[PDB]
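K.L.:
See target_19.cif below, with mmCIF, N, CA and C atoms and all ligand atoms.
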data_target
#
loop_
_atom_site.label_atom_id
_atom_site.label_comp_id
_atom_site.auth_asym_id
_atom_site.auth_seq_id
_atom_site.Cartn_x
_atom_site.Cartn_y
_atom_site.Cartn_z
N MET A 1 -0.70 -123.89 -2.84
CA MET A 1 -1.28 -124.62 -3.96
C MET A 1 -2.00 -125.88 -3.42
N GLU A 2 -3.27 -126.07 -3.80
CA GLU A 2 -3.98 -127.33 -3.56
C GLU A 2 -3.22 -128.48 -4.20
N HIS A 3 -3.15 -129.62 -3.51
CA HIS A 3 -2.36 -130.75 -3.98
C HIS A 3 -3.23 -131.70 -4.83
N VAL A 4 -3.61 -131.24 -6.03
CA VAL A 4 -4.47 -132.00 -6.95
C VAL A 4 -3.81 -131.99 -8.32
N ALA A 5 -3.67 -133.17 -8.95
CA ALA A 5 -3.07 -133.26 -10.28
C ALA A 5 -4.13 -133.26 -11.39
N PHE A 6 -3.76 -132.60 -12.50
CA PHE A 6 -4.53 -132.69 -13.73
C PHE A 6 -4.74 -134.15 -14.10
N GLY A 7 -5.99 -134.51 -14.46
CA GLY A 7 -6.29 -135.85 -14.89
C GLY A 7 -6.54 -136.85 -13.78
N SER A 8 -6.48 -136.44 -12.52
CA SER A 8 -6.68 -137.39 -11.44
C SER A 8 -8.08 -137.99 -11.51
N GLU A 9 -8.17 -139.27 -11.12
CA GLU A 9 -9.35 -140.08 -11.41
C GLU A 9 -10.61 -139.57 -10.70
N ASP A 10 -10.47 -139.06 -9.48
CA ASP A 10 -11.61 -138.57 -8.71
C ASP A 10 -11.62 -137.05 -8.61
N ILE A 11 -11.13 -136.37 -9.66
CA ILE A 11 -11.00 -134.91 -9.61
C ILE A 11 -12.32 -134.22 -9.31
N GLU A 12 -13.43 -134.77 -9.80
CA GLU A 12 -14.74 -134.16 -9.57
C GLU A 12 -15.14 -134.22 -8.10
N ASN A 13 -14.66 -135.23 -7.37
CA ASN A 13 -14.93 -135.29 -5.92
C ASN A 13 -14.05 -134.30 -5.16
N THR A 14 -12.76 -134.21 -5.52
CA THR A 14 -11.85 -133.31 -4.81
C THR A 14 -12.21 -131.85 -5.02
N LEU A 15 -12.69 -131.50 -6.22
CA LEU A 15 -13.12 -130.16 -6.57
C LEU A 15 -14.61 -129.90 -6.32
N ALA A 16 -15.38 -130.90 -5.88
CA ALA A 16 -16.81 -130.68 -5.68
C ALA A 16 -17.05 -129.49 -4.76
N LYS A 17 -17.88 -128.55 -5.22
CA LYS A 17 -18.31 -127.40 -4.44
C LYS A 17 -17.17 -126.49 -4.02
N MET A 18 -16.01 -126.56 -4.68
CA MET A 18 -14.92 -125.66 -4.34
C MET A 18 -15.34 -124.22 -4.60
N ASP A 19 -15.02 -123.33 -3.67
CA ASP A 19 -15.28 -121.92 -3.92
C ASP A 19 -14.20 -121.34 -4.84
N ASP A 20 -14.39 -120.09 -5.26
CA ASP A 20 -13.48 -119.52 -6.25
C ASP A 20 -12.06 -119.43 -5.71
N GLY A 21 -11.90 -119.08 -4.42
CA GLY A 21 -10.57 -118.99 -3.84
C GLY A 21 -9.81 -120.30 -3.87
N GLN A 22 -10.50 -121.41 -3.58
CA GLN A 22 -9.87 -122.73 -3.60
C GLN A 22 -9.50 -123.12 -5.01
N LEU A 23 -10.39 -122.85 -5.96
CA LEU A 23 -10.10 -123.16 -7.34
C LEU A 23 -8.87 -122.40 -7.83
N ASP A 24 -8.67 -121.16 -7.34
CA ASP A 24 -7.48 -120.38 -7.70
C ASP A 24 -6.19 -121.01 -7.20
N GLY A 25 -6.25 -121.98 -6.30
CA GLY A 25 -5.06 -122.67 -5.85
C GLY A 25 -4.63 -123.87 -6.69
N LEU A 26 -5.30 -124.24 -7.78
CA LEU A 26 -4.85 -125.36 -8.64
C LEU A 26 -3.61 -125.01 -9.53
N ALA A 27 -2.80 -126.05 -9.93
CA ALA A 27 -1.68 -126.00 -10.87
C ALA A 27 -2.10 -125.88 -12.33
N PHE A 28 -3.39 -126.06 -12.62
CA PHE A 28 -3.92 -126.08 -13.96
C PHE A 28 -5.14 -125.16 -14.04
N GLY A 29 -5.47 -124.78 -15.28
CA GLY A 29 -6.69 -124.02 -15.52
C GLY A 29 -7.94 -124.85 -15.24
N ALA A 30 -8.94 -124.20 -14.66
CA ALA A 30 -10.21 -124.83 -14.35
C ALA A 30 -11.35 -123.86 -14.62
N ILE A 31 -12.29 -124.32 -15.44
CA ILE A 31 -13.50 -123.61 -15.81
C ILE A 31 -14.67 -124.50 -15.42
N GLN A 32 -15.75 -123.92 -14.89
CA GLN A 32 -17.00 -124.67 -14.75
C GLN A 32 -18.06 -124.03 -15.64
N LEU A 33 -18.71 -124.84 -16.48
CA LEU A 33 -19.75 -124.42 -17.40
C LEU A 33 -21.09 -125.05 -16.99
N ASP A 34 -22.20 -124.38 -17.32
CA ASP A 34 -23.48 -125.07 -17.32
C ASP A 34 -23.64 -125.88 -18.61
N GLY A 35 -24.78 -126.55 -18.76
CA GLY A 35 -24.97 -127.45 -19.88
C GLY A 35 -25.08 -126.75 -21.23
N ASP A 36 -25.35 -125.44 -21.22
CA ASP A 36 -25.34 -124.62 -22.43
C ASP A 36 -23.99 -123.99 -22.73
N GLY A 37 -23.02 -124.13 -21.84
CA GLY A 37 -21.74 -123.48 -22.02
C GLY A 37 -21.56 -122.14 -21.35
N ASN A 38 -22.51 -121.70 -20.50
CA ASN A 38 -22.33 -120.45 -19.77
C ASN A 38 -21.30 -120.66 -18.65
N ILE A 39 -20.44 -119.66 -18.45
CA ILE A 39 -19.32 -119.78 -17.52
C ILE A 39 -19.78 -119.46 -16.10
N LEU A 40 -19.65 -120.45 -15.21
CA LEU A 40 -20.02 -120.37 -13.78
C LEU A 40 -18.82 -120.06 -12.88
N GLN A 41 -17.63 -120.59 -13.22
CA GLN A 41 -16.40 -120.40 -12.47
C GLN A 41 -15.24 -120.39 -13.47
N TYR A 42 -14.15 -119.70 -13.11
CA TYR A 42 -13.00 -119.56 -14.02
C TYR A 42 -11.84 -119.18 -13.11
N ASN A 43 -10.78 -119.99 -13.06
CA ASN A 43 -9.73 -119.78 -12.07
C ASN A 43 -8.55 -118.93 -12.59
N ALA A 44 -7.69 -118.56 -11.62
CA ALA A 44 -6.56 -117.69 -11.91
C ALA A 44 -5.59 -118.35 -12.89
N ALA A 45 -5.34 -119.66 -12.73
CA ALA A 45 -4.39 -120.34 -13.61
C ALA A 45 -4.87 -120.27 -15.06
N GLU A 46 -6.19 -120.40 -15.29
CA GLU A 46 -6.73 -120.29 -16.65
C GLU A 46 -6.53 -118.88 -17.20
N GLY A 47 -6.83 -117.85 -16.37
CA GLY A 47 -6.61 -116.50 -16.83
C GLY A 47 -5.17 -116.19 -17.18
N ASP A 48 -4.22 -116.81 -16.46
CA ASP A 48 -2.81 -116.63 -16.77
C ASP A 48 -2.44 -117.28 -18.11
N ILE A 49 -3.03 -118.44 -18.41
CA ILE A 49 -2.78 -119.10 -19.70
C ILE A 49 -3.38 -118.28 -20.85
N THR A 50 -4.62 -117.81 -20.70
CA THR A 50 -5.41 -117.32 -21.85
C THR A 50 -5.44 -115.81 -22.00
N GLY A 51 -5.10 -115.08 -20.93
CA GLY A 51 -5.24 -113.63 -20.89
C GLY A 51 -6.59 -113.11 -20.43
N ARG A 52 -7.61 -113.97 -20.38
CA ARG A 52 -8.93 -113.47 -19.97
C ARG A 52 -8.90 -113.09 -18.49
N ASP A 53 -9.77 -112.15 -18.13
CA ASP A 53 -9.89 -111.72 -16.73
C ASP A 53 -10.89 -112.65 -16.07
N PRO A 54 -10.48 -113.48 -15.09
CA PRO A 54 -11.40 -114.47 -14.53
C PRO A 54 -12.66 -113.87 -13.96
N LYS A 55 -12.63 -112.61 -13.51
CA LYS A 55 -13.84 -111.99 -12.99
C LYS A 55 -14.83 -111.58 -14.10
N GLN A 56 -14.34 -111.16 -15.26
CA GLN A 56 -15.18 -110.63 -16.34
C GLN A 56 -15.88 -111.71 -17.16
N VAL A 57 -15.30 -112.89 -17.27
CA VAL A 57 -15.88 -113.94 -18.14
C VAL A 57 -17.08 -114.65 -17.50
N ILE A 58 -17.26 -114.53 -16.17
CA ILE A 58 -18.38 -115.21 -15.53
C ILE A 58 -19.68 -114.69 -16.14
N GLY A 59 -20.57 -115.62 -16.53
CA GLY A 59 -21.83 -115.26 -17.13
C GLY A 59 -21.82 -115.17 -18.64
N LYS A 60 -20.64 -115.16 -19.26
CA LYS A 60 -20.56 -115.18 -20.71
C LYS A 60 -20.69 -116.62 -21.20
N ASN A 61 -21.04 -116.78 -22.48
CA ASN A 61 -21.12 -118.11 -23.07
C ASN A 61 -19.76 -118.47 -23.67
N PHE A 62 -19.22 -119.61 -23.24
CA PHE A 62 -17.87 -120.01 -23.68
C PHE A 62 -17.81 -120.20 -25.21
N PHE A 63 -18.82 -120.86 -25.79
CA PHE A 63 -18.78 -121.23 -27.20
C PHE A 63 -19.17 -120.09 -28.13
N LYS A 64 -20.12 -119.24 -27.68
CA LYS A 64 -20.60 -118.15 -28.51
C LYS A 64 -19.73 -116.91 -28.41
N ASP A 65 -19.22 -116.62 -27.21
CA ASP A 65 -18.65 -115.32 -26.86
C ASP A 65 -17.13 -115.41 -26.65
N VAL A 66 -16.70 -116.18 -25.67
CA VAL A 66 -15.32 -116.11 -25.21
C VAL A 66 -14.35 -116.88 -26.10
N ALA A 67 -14.81 -118.08 -26.54
CA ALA A 67 -13.90 -119.05 -27.19
C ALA A 67 -14.50 -119.58 -28.49
N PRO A 68 -14.69 -118.70 -29.50
CA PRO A 68 -15.30 -119.18 -30.76
C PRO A 68 -14.47 -120.25 -31.46
N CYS A 69 -13.16 -120.31 -31.19
CA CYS A 69 -12.33 -121.35 -31.80
C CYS A 69 -12.69 -122.76 -31.30
N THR A 70 -13.45 -122.85 -30.20
CA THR A 70 -13.94 -124.12 -29.66
C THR A 70 -15.34 -124.46 -30.15
N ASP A 71 -15.98 -123.58 -30.92
CA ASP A 71 -17.30 -123.82 -31.50
C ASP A 71 -17.09 -124.66 -32.76
N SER A 72 -16.96 -125.97 -32.55
CA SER A 72 -16.56 -126.94 -33.58
C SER A 72 -16.98 -128.31 -33.09
N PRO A 73 -17.04 -129.31 -33.99
CA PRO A 73 -17.37 -130.67 -33.51
C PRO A 73 -16.36 -131.22 -32.52
N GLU A 74 -15.09 -130.82 -32.65
CA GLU A 74 -14.00 -131.39 -31.88
C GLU A 74 -13.94 -130.88 -30.44
N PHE A 75 -14.68 -129.83 -30.10
CA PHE A 75 -14.67 -129.31 -28.73
C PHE A 75 -16.13 -129.18 -28.28
N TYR A 76 -16.84 -128.15 -28.74
CA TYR A 76 -18.27 -128.00 -28.40
C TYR A 76 -19.06 -129.27 -28.72
N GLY A 77 -18.83 -129.89 -29.87
CA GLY A 77 -19.61 -131.09 -30.17
C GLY A 77 -19.42 -132.19 -29.13
N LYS A 78 -18.17 -132.44 -28.72
CA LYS A 78 -17.86 -133.43 -27.68
C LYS A 78 -18.49 -133.05 -26.35
N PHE A 79 -18.43 -131.76 -26.00
CA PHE A 79 -19.03 -131.26 -24.77
C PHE A 79 -20.51 -131.58 -24.74
N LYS A 80 -21.23 -131.18 -25.77
CA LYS A 80 -22.68 -131.37 -25.72
C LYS A 80 -23.07 -132.85 -25.75
N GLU A 81 -22.30 -133.71 -26.41
CA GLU A 81 -22.60 -135.14 -26.34
C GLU A 81 -22.45 -135.66 -24.91
N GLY A 82 -21.36 -135.28 -24.24
CA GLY A 82 -21.19 -135.69 -22.84
C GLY A 82 -22.22 -135.12 -21.88
N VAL A 83 -22.65 -133.88 -22.10
CA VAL A 83 -23.77 -133.32 -21.33
C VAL A 83 -25.03 -134.18 -21.51
N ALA A 84 -25.33 -134.55 -22.76
CA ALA A 84 -26.55 -135.30 -23.02
C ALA A 84 -26.53 -136.67 -22.35
N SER A 85 -25.39 -137.37 -22.39
CA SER A 85 -25.28 -138.72 -21.83
C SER A 85 -25.21 -138.72 -20.31
N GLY A 86 -24.81 -137.60 -19.70
CA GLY A 86 -24.54 -137.51 -18.28
C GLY A 86 -23.25 -138.13 -17.84
N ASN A 87 -22.35 -138.41 -18.78
CA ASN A 87 -21.10 -139.08 -18.44
C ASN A 87 -19.91 -138.39 -19.09
N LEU A 88 -19.99 -137.09 -19.35
CA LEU A 88 -18.88 -136.35 -19.95
C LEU A 88 -17.57 -136.74 -19.26
N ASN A 89 -16.60 -137.20 -20.03
CA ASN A 89 -15.25 -137.50 -19.53
C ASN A 89 -14.35 -137.72 -20.74
N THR A 90 -13.72 -136.66 -21.22
CA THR A 90 -12.88 -136.78 -22.40
C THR A 90 -11.68 -135.86 -22.27
N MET A 91 -10.52 -136.38 -22.67
CA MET A 91 -9.26 -135.65 -22.58
C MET A 91 -8.65 -135.61 -23.99
N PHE A 92 -8.28 -134.42 -24.47
CA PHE A 92 -7.83 -134.25 -25.85
C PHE A 92 -6.98 -132.98 -25.91
N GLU A 93 -6.04 -132.93 -26.86
CA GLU A 93 -5.30 -131.69 -27.11
C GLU A 93 -6.04 -130.79 -28.10
N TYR A 94 -5.73 -129.49 -28.04
CA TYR A 94 -6.46 -128.50 -28.82
C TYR A 94 -5.61 -127.23 -28.88
N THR A 95 -5.88 -126.36 -29.87
CA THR A 95 -5.20 -125.08 -29.94
C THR A 95 -6.19 -123.94 -29.77
N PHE A 96 -5.85 -123.02 -28.86
CA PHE A 96 -6.65 -121.82 -28.60
C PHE A 96 -6.02 -120.64 -29.33
N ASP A 97 -6.76 -119.95 -30.20
CA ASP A 97 -6.17 -118.96 -31.11
C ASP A 97 -7.04 -117.74 -31.36
N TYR A 98 -8.07 -117.47 -30.55
CA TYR A 98 -8.91 -116.30 -30.79
C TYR A 98 -8.35 -115.07 -30.06
N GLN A 99 -7.85 -114.12 -30.86
CA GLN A 99 -7.34 -112.84 -30.35
C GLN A 99 -6.28 -113.06 -29.27
N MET A 100 -5.35 -113.98 -29.57
CA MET A 100 -4.30 -114.43 -28.65
C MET A 100 -3.23 -115.14 -29.47
N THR A 101 -2.00 -115.20 -28.92
CA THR A 101 -0.99 -116.08 -29.54
C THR A 101 -1.51 -117.52 -29.53
N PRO A 102 -1.46 -118.25 -30.65
CA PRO A 102 -1.96 -119.62 -30.63
C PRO A 102 -1.26 -120.43 -29.56
N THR A 103 -2.06 -121.09 -28.71
CA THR A 103 -1.59 -121.77 -27.52
C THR A 103 -2.13 -123.19 -27.53
N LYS A 104 -1.25 -124.18 -27.62
CA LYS A 104 -1.65 -125.58 -27.60
C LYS A 104 -1.76 -126.06 -26.15
N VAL A 105 -2.84 -126.78 -25.88
CA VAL A 105 -3.18 -127.23 -24.55
C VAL A 105 -3.66 -128.67 -24.57
N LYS A 106 -3.64 -129.30 -23.38
CA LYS A 106 -4.39 -130.52 -23.12
C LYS A 106 -5.63 -130.13 -22.32
N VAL A 107 -6.80 -130.58 -22.79
CA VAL A 107 -8.10 -130.27 -22.22
C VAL A 107 -8.67 -131.55 -21.62
N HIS A 108 -9.26 -131.45 -20.43
CA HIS A 108 -9.99 -132.55 -19.80
C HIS A 108 -11.36 -132.01 -19.42
N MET A 109 -12.42 -132.49 -20.07
CA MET A 109 -13.77 -132.06 -19.71
C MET A 109 -14.49 -133.22 -19.03
N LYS A 110 -15.05 -132.93 -17.85
CA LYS A 110 -15.63 -133.99 -17.03
C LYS A 110 -16.84 -133.45 -16.28
N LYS A 111 -17.91 -134.25 -16.23
CA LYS A 111 -19.10 -133.84 -15.49
C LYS A 111 -18.75 -133.52 -14.04
N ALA A 112 -19.30 -132.42 -13.52
CA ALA A 112 -19.17 -132.09 -12.11
C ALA A 112 -20.29 -132.75 -11.30
N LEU A 113 -20.07 -132.88 -10.00
CA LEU A 113 -21.11 -133.50 -9.17
C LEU A 113 -22.35 -132.59 -8.99
N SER A 114 -22.16 -131.27 -8.99
CA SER A 114 -23.25 -130.33 -8.80
C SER A 114 -24.13 -130.30 -10.05
N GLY A 115 -25.41 -130.01 -9.85
CA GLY A 115 -26.35 -130.05 -10.96
C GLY A 115 -26.01 -129.05 -12.05
N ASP A 116 -26.22 -129.47 -13.31
CA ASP A 116 -26.08 -128.60 -14.48
C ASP A 116 -24.71 -127.91 -14.48
N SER A 117 -23.67 -128.70 -14.18
CA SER A 117 -22.31 -128.21 -14.02
C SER A 117 -21.30 -129.18 -14.65
N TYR A 118 -20.33 -128.64 -15.39
CA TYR A 118 -19.38 -129.42 -16.18
C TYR A 118 -18.02 -128.75 -16.09
N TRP A 119 -16.98 -129.50 -15.77
CA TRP A 119 -15.64 -128.95 -15.68
C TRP A 119 -14.94 -129.00 -17.05
N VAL A 120 -14.14 -127.97 -17.30
CA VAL A 120 -13.17 -127.92 -18.39
C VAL A 120 -11.82 -127.56 -17.75
N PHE A 121 -10.89 -128.52 -17.75
CA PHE A 121 -9.55 -128.35 -17.19
C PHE A 121 -8.55 -128.20 -18.33
N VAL A 122 -7.53 -127.37 -18.12
CA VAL A 122 -6.59 -126.98 -19.18
C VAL A 122 -5.17 -126.94 -18.63
N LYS A 123 -4.20 -127.50 -19.36
CA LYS A 123 -2.79 -127.26 -19.07
C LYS A 123 -2.04 -127.11 -20.40
N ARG A 124 -0.89 -126.46 -20.36
CA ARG A 124 -0.09 -126.28 -21.56
C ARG A 124 0.62 -127.55 -21.99
N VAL A 125 0.76 -127.69 -23.32
CA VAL A 125 1.61 -128.69 -23.98
C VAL A 125 2.48 -127.93 -25.11
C1 LIG B 1 -10.64 -120.21 -28.96
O1 LIG B 1 -11.31 -119.25 -29.36
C2 LIG B 1 -10.24 -120.39 -27.57
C3 LIG B 1 -10.41 -119.43 -26.64
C4 LIG B 1 -10.27 -119.59 -25.19
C5 LIG B 1 -10.03 -120.82 -24.60
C6 LIG B 1 -10.02 -120.96 -23.22
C7 LIG B 1 -10.28 -119.87 -22.40
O2 LIG B 1 -10.25 -120.03 -21.05
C8 LIG B 1 -10.52 -118.63 -22.96
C9 LIG B 1 -10.56 -118.50 -24.35
#
Show me the file's structure as structure tokens.

P.N.:
Amino acid sequence: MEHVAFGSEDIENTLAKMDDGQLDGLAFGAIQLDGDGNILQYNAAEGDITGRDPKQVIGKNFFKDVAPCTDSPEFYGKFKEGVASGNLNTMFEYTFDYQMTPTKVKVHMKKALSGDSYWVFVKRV
């Protein structure tokens, strides 16, 4: 397991340019989205929480396709505001309930260092 904690202050530096294998070593779920919400990376810990197959979701749109319960002001709306400002950094709890047992989580969405890239980190609460 990579020795990185959820919520750490420089998480975007520690995870910068991590390949898929390295991302699979985190204690928490990690998704990388483009500015439209298309899925670029999705780790094993996230697939274990949500049931999704980390290989199959790459290229799908998170808000339109995979996670319609996040297509709301409280998740997608916050994401797109942070994308626009270039300073996305928000941590909030949320419930995931599309075609799954409702699962309450803490979400941390933060701009990635790579261009047109945004992290969504997830752990259970
Ligand atoms: C609501 O539809 C949430 C769905 C969901 C959240 C996070 C994921 O990694 C996958 C699906």

K.L.:
Need the shell around residue 31 (chain A): protein/DNA/RNA residues with any atom at most 9 Å away, counting only C-alpha atoms. Skip same-chain ones fewer than 5 positions apart. Format as a list in words?

P.N.:
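So the residues in contact are residues 39, 40, 41, 42, 43, 46, 118, 119, 120, 121 and 122 of chain A.
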
K.L.:
Which neighbours of region 100-111 of chain A fall inside 7 Å, counting only N, CA and C atoms, when residues of the same chain fewer than 6 positions from it are skipped, and could you give them as a VMD selection string?

P.N.:
chain A and resid 7 12 50 86 to 94 117 to 125

K.L.:
Give me, as a VMD selection string, the set of residues whose atoms come within 7 Å of any atom of ligand LIG 1 (chain B), counting all atoms listed in the file.

P.N.:
chain A and resid 46 to 47 50 to 52 66 to 71 95 to 99

K.L.:
With all atoms listed in the file as the counted atoms, please give the residues lying no more than 7 Å from residue 25 (chain A), apart from itself and same-chain residues fewer than 4 positions off, as a PyMOL selection string.

P.N.:
chain A and resi 1-3+20-21+44-45

K.L.:
Using only C-alpha atoms, which of A:9, A:53, A:24, A:116 sits nearest residue 37 (chain A)?

P.N.:
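Of A:9, A:53, A:24, A:116, the one nearest residue 37 (chain A), counting only C-alpha atoms, is A:116.
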
K.L.:
With N, CA, C and O atoms as the goal, would you fill in the gaps in region 100-114 of chain A and present it as a PDB file, in the frame of the given file?

P.N.:
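Saved result, out29.pdb, follows:
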ATOM      1  N   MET A 100      -5.350-113.980 -29.570  1.00  0.00           N
ATOM      2  CA  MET A 100      -4.300-114.430 -28.650  1.00  0.00           C
ATOM      3  C   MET A 100      -3.230-115.140 -29.470  1.00  0.00           C
ATOM      4  O   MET A 100      -3.496-115.681 -30.534  1.00  0.00           O
ATOM      5  N   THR A 101      -2.000-115.200 -28.920  1.00  0.00           N
ATOM      6  CA  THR A 101      -0.990-116.080 -29.540  1.00  0.00           C
ATOM      7  C   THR A 101      -1.510-117.520 -29.530  1.00  0.00           C
ATOM      8  O   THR A 101      -1.995-117.989 -28.462  1.00  0.00           O
ATOM      9  N   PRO A 102      -1.460-118.250 -30.650  1.00  0.00           N
ATOM     10  CA  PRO A 102      -1.960-119.620 -30.630  1.00  0.00           C
ATOM     11  C   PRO A 102      -1.260-120.430 -29.560  1.00  0.00           C
ATOM     12  O   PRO A 102      -0.027-120.442 -29.469  1.00  0.00           O
ATOM     13  N   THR A 103      -2.060-121.090 -28.710  1.00  0.00           N
ATOM     14  CA  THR A 103      -1.590-121.770 -27.520  1.00  0.00           C
ATOM     15  C   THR A 103      -2.130-123.190 -27.530  1.00  0.00           C
ATOM     16  O   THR A 103      -3.356-123.391 -27.450  1.00  0.00           O
ATOM     17  N   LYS A 104      -1.250-124.180 -27.620  1.00  0.00           N
ATOM     18  CA  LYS A 104      -1.650-125.580 -27.600  1.00  0.00           C
ATOM     19  C   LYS A 104      -1.760-126.060 -26.150  1.00  0.00           C
ATOM     20  O   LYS A 104      -0.898-125.783 -25.310  1.00  0.00           O
ATOM     21  N   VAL A 105      -2.840-126.780 -25.880  1.00  0.00           N
ATOM     22  CA  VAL A 105      -3.180-127.230 -24.550  1.00  0.00           C
ATOM     23  C   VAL A 105      -3.660-128.670 -24.570  1.00  0.00           C
ATOM     24  O   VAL A 105      -4.040-129.224 -25.621  1.00  0.00           O
ATOM     25  N   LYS A 106      -3.640-129.300 -23.380  1.00  0.00           N
ATOM     26  CA  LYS A 106      -4.390-130.520 -23.120  1.00  0.00           C
ATOM     27  C   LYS A 106      -5.630-130.130 -22.320  1.00  0.00           C
ATOM     28  O   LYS A 106      -5.531-129.396 -21.328  1.00  0.00           O
ATOM     29  N   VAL A 107      -6.800-130.580 -22.790  1.00  0.00           N
ATOM     30  CA  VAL A 107      -8.100-130.270 -22.220  1.00  0.00           C
ATOM     31  C   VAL A 107      -8.670-131.550 -21.620  1.00  0.00           C
ATOM     32  O   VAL A 107      -8.617-132.615 -22.244  1.00  0.00           O
ATOM     33  N   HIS A 108      -9.260-131.450 -20.430  1.00  0.00           N
ATOM     34  CA  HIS A 108      -9.990-132.550 -19.800  1.00  0.00           C
ATOM     35  C   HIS A 108     -11.360-132.010 -19.420  1.00  0.00           C
ATOM     36  O   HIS A 108     -11.457-131.135 -18.549  1.00  0.00           O
ATOM     37  N   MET A 109     -12.420-132.490 -20.070  1.00  0.00           N
ATOM     38  CA  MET A 109     -13.770-132.060 -19.710  1.00  0.00           C
ATOM     39  C   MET A 109     -14.490-133.220 -19.030  1.00  0.00           C
ATOM     40  O   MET A 109     -14.490-134.358 -19.540  1.00  0.00           O
ATOM     41  N   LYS A 110     -15.050-132.930 -17.850  1.00  0.00           N
ATOM     42  CA  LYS A 110     -15.630-133.990 -17.030  1.00  0.00           C
ATOM     43  C   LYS A 110     -16.840-133.450 -16.280  1.00  0.00           C
ATOM     44  O   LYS A 110     -16.816-132.338 -15.739  1.00  0.00           O
ATOM     45  N   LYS A 111     -17.910-134.250 -16.230  1.00  0.00           N
ATOM     46  CA  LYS A 111     -19.100-133.840 -15.490  1.00  0.00           C
ATOM     47  C   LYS A 111     -18.750-133.520 -14.040  1.00  0.00           C
ATOM     48  O   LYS A 111     -18.046-134.272 -13.364  1.00  0.00           O
ATOM     49  N   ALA A 112     -19.300-132.420 -13.520  1.00  0.00           N
ATOM     50  CA  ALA A 112     -19.170-132.090 -12.110  1.00  0.00           C
ATOM     51  C   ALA A 112     -20.290-132.750 -11.300  1.00  0.00           C
ATOM     52  O   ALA A 112     -21.349-133.071 -11.826  1.00  0.00           O
ATOM     53  N   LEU A 113     -20.070-132.880 -10.000  1.00  0.00           N
ATOM     54  CA  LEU A 113     -21.110-133.500  -9.170  1.00  0.00           C
ATOM     55  C   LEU A 113     -22.350-132.590  -8.990  1.00  0.00           C
ATOM     56  O   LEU A 113     -23.470-133.100  -8.851  1.00  0.00           O
ATOM     57  N   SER A 114     -22.160-131.270  -8.990  1.00  0.00           N
ATOM     58  CA  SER A 114     -23.250-130.330  -8.800  1.00  0.00           C
ATOM     59  C   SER A 114     -24.130-130.300 -10.050  1.00  0.00           C
ATOM     60  O   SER A 114     -23.649-130.491 -11.171  1.00  0.00           O
TER      61      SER A 114
END
